[PDB]
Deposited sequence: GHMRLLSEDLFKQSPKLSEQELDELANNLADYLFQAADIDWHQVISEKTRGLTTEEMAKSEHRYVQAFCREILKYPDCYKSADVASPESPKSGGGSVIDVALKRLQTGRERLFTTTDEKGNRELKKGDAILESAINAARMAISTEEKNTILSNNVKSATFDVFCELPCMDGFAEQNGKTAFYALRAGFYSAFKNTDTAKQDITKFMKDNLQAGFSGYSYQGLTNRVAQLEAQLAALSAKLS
């Protein structure tokens, strides 16, 4: 329902009760789909740790990420011999250097497998991406939370072609209200949820030309 291109059209129809769930669903979607530099957070959250400690980190998303990296010894293990002149810091660089390079992993049972450099990064990111409980996501994203969640929000079907339909002045006005909603970082979800509730109830008429013209036409009659 979130990916309905006419969400703003039918959103005012539904009840106060269904709005409370639609606003939460839409809210959680923004935080989960929001993007963050994974190479930075995984590096900060496992610096100085050993590979054994990484496989049992307190953060489930850190385990998921690392578990997908450790499958491929060649990306992190230090060589016995070297060409003449943290562990994940080595891993992330080897996976970026060997972008097209193939790494071998051996399954629990004898089975082997070859993966490309980025296919391991992508697999590790996906593993992590499906582990955070949104709150931890909000904490690590606290700095770019309003920018990142907004980027997600714009890509929804209901927002496709909003600036061309309502003008750039209205679009940037929606952005301001989107950003302004975030008072504290401890209430970021509740904040943006309320913003989405208030606007979905109004069908975002407060940012559309049609809605504003209807409002002045509705206001003058008093």
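Participant: What are the missing stretches of the deposited sequence, listed from start to end?
Facilitator: Holes in the chain trace, numbered from 1: 1-3, 89-95, 233-241.
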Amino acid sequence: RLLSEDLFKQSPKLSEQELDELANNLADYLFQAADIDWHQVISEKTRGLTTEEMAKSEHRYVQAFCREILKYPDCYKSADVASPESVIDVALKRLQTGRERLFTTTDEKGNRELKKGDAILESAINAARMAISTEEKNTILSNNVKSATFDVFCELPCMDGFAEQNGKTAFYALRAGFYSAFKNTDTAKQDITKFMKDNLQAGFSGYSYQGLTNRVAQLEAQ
From here on, numbers count along this sequence of modelled residues.
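Participant: Quick check: 65-73 versus 152-160, which has the larger average CA B-factor in the record?
Facilitator: Between 65-73 and 152-160, it is 152-160 that shows the higher mean C-alpha B-factor.
Participant: Would you tell me which stretch averages the higher CA B-factor in the PDB entry, 192-200 or 43-51?
Facilitator: Stretch with the greater average CA B-factor: 192-200.
Participant: Among 95, 140, 124, 82, single out the one with the highest C-alpha B factor in the record, please.
Facilitator: The C-alpha B-factor peaks, among 95, 140, 124, 82, at 140.
Participant: Rank-wise, by C-alpha B-factor, drop residue 34 into the lowest, middle or highest third of its chain.
Facilitator: For residue 34, whose C-alpha B-factor we compare with every modelled residue in the chain, the answer is the middle third.
Participant: Classify residue 118 as lowest, middle or highest third according to the C-alpha B-factor given in the PDB entry, relative to its own chain.
Facilitator: According to the entry, residue 118 has a C-alpha B-factor in the chain's highest third.
Participant: Quick check on the deposited entry: does the C-alpha B-factor of residue 135 sit in the lowest, middle or highest third of its chain?
Facilitator: Ranked within chain, residue 135 CA B lands in the middle tercile.
Participant: Select lowest, middle or highest to describe the third in which the CA B-factor of residue 107 falls within its chain in this entry.
Facilitator: Answer is middle: the recorded C-alpha B-factor places it there.
Participant: Sorting the chain's modelled residues by C-alpha B-factor, tell me whether residue 78 ends up in the lowest, middle or highest third.
Facilitator: For residue 78, whose C-alpha B-factor we compare with every modelled residue in the chain, the answer is the lowest third.
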